[PDB]
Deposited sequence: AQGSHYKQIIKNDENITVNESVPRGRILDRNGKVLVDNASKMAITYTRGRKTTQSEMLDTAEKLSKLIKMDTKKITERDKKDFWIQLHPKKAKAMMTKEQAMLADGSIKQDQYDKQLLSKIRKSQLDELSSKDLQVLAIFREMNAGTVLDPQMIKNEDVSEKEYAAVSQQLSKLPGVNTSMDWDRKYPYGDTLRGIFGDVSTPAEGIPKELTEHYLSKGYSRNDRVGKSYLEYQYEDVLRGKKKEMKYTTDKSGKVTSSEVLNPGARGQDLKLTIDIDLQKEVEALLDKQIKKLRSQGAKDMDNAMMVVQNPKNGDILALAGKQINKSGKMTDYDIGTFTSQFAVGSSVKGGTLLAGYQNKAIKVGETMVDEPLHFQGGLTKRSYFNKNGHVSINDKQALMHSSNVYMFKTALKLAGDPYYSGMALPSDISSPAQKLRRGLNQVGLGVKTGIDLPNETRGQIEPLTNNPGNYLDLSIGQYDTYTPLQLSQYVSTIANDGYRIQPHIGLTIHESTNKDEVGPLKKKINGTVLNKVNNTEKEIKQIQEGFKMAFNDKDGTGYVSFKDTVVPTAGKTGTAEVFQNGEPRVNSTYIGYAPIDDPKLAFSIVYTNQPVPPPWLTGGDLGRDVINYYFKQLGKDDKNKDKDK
């Protein structure tokens, strides 16, 4: 049941070509739950003339209210106070006897009048709660809402084919008023992943202006509606409905003599996503809870919280996020910030650096050598959990358990051919080691795009590293180059998957046309492509895992008090980074589950907490979701 709305009618001489738009494909979750569907809608606009009175517009709204129903929910307290004065100019007048004479005294002026009149209205707003009144007011306010030749939208709702045939003419009879049919996306899960679904361009905009060349060069007409944001744009390919084109031939008096189908219509293709929308809704719930599980325990200038969760073996995505701009704690969805935004991550990256340190022969696996406060010409770097002494041994696993800054500093120096001796000068040129370290980290997806099927992914901020040894050291900790939540996810995943780095994907399968069937046959599986395998041995790989277990499950692990143990074991790593907002802190968690044949992995980022360490614990979100999925 491919429907069609007229879109374009070109007259040449005798030839008239008519193009009709058709429904785009739907988007559904990994279990075929409709996430993005279509609706046939009648859009009713008002086009306020350059000289139209308030008394004119109220009369249009009145006749307009006879025809359609509205929803009163946009009406402001001011709409009501203004409408009341519009409706009852005598009772309004009688409350302002003194100021009326002051108006024509010379004394006060209209602005002072109006403000005094607005303040005297109370128990009489209800007089127009005569819901017939609110219906008119609801239409009226939109008529006043915009500009003097632009059609203001009044109502755009689900119309039927026969309804449009009844009312469109009588609507259009009213001055200002026009009607049209439109395809419009509807969203059964309401707000849940809107950021990620993206938008199709409005009938009014054709191809969006800054996308002109992008779309004209692929055959489109400037008048076509196209995906423009994220999924609607990424999969415009498959989702778009091939419009219906007809060529008519008339005689002089307009009679059609001939006609031909340049192209009949084709409903777009349905796209299934990797996402489990039940899990999505829970993750956003748990995220919101866990955000204010902090009962403002300080973090009221904490400003972003992100989660990604995926299947480590096949790149499949189930994953969103929030921007809690507290200084209230009222928040927007920063959905796309999971792969579009770039954050100082902290010590989460330590797994990758050992790997890099393995593959160049900087350290061997099992390497036990000892950690300390460190001394250079001026510089002292103290590891994060003893600053004075302590002169403890360790191994590679243990350093991750402790989130030991100094084991990574030691390896970085060995990578730079310049092992630590107390009171050494930091090496002057670190171009070569830095390059080696970065290429290591790139292999697990830290500093390179993961490859997700969505536009605008970033790879993170990557600044020159030649003569800044400090930064080089910070890199091996995760406090130079900024990374993405998705990158972190890709990284723990390739660890989970025994070193196979996989291109994450939110698209699962592409199907075929349907008005009815809640999926057509398969046309394309969207696969988690293997991008590469770490240049590391099985024993180096397994060692990061062991390190990752004991950071979560052994008690000196920096993830005991979130992950200690629960419905299934989580191996992972803490992230601890210090930054400027006035100095605040980012905090990070990555991990995966279960340990023996993993099937879930995740990444978490909290930005600009006020926090020194000895309290705050955001990995509870990780515990909570893992508690939910593994029920």
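Student: Since the structure holds only modelled residues, which stretches of the deposited sequence does it leave out?
Tutor: According to the record, the gaps fall at 582-583, 634-646.
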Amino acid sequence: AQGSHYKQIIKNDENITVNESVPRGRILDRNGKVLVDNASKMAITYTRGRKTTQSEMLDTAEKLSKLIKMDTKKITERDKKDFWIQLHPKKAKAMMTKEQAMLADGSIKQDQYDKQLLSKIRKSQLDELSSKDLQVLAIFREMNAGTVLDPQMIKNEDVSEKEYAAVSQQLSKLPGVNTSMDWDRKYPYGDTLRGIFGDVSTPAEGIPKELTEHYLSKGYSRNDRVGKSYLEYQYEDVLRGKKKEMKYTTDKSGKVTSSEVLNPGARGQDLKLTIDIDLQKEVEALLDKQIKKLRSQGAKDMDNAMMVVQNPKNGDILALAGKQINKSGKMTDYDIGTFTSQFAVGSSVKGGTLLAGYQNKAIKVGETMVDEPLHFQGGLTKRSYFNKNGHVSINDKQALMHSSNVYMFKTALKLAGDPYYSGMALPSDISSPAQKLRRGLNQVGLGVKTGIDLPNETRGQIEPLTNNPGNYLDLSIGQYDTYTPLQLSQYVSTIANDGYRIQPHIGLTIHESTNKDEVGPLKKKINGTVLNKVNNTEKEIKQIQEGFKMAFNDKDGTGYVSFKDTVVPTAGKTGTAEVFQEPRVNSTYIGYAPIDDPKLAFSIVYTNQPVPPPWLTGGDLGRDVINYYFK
From here on, numbers count along this sequence of modelled residues.
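Student: Looking only at CA atoms, which has the higher mean B factor in the entry: 487-495 or 441-449?
Tutor: It is 487-495 that shows the higher mean C-alpha B-factor.
Student: Determine, for stretches 476-484 and 363-371, which one has the higher mean CA B-factor as deposited.
Tutor: Comparing averages over the C-alpha atoms only gives 363-371.
Student: Can you pull the Cα B-factors for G351, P89, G241, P188 from the entry and say which is highest?
Tutor: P89 has the highest C-alpha B-factor of those listed.
Student: Looking at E518, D224, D184, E540, which has the highest Cα B-factor in the entry?
Tutor: Most elevated C-alpha B-factor of the set, per the entry: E518.
Student: Using only modelled residues of the chain, where does the Cα B factor of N38 rank: lowest third, middle third or highest third?
Tutor: Lowest third, going by the recorded CA B-factors of the chain.
Student: Could you tell me which third, lowest, middle or highest, the C-alpha B-factor of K109 occupies within its chain?
Tutor: Within its chain, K109 is a highest-third residue by C-alpha B-factor, going by the deposited values.
Student: Among the modelled residues of its chain, does the C-alpha B-factor of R26 lie in the lowest, middle or highest third?
Tutor: CA B-factor rank for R26: lowest third.
Student: Considering only modelled residues of the same chain, in which third does the CA B-factor of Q2 rank: lowest, middle or highest?
Tutor: Highest third of the chain for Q2's C-alpha B-factor.
Student: What third of the chain does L426 rank in for C-alpha temperature factor, lowest, middle or highest?
Tutor: Highest third of the chain for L426's C-alpha B-factor.
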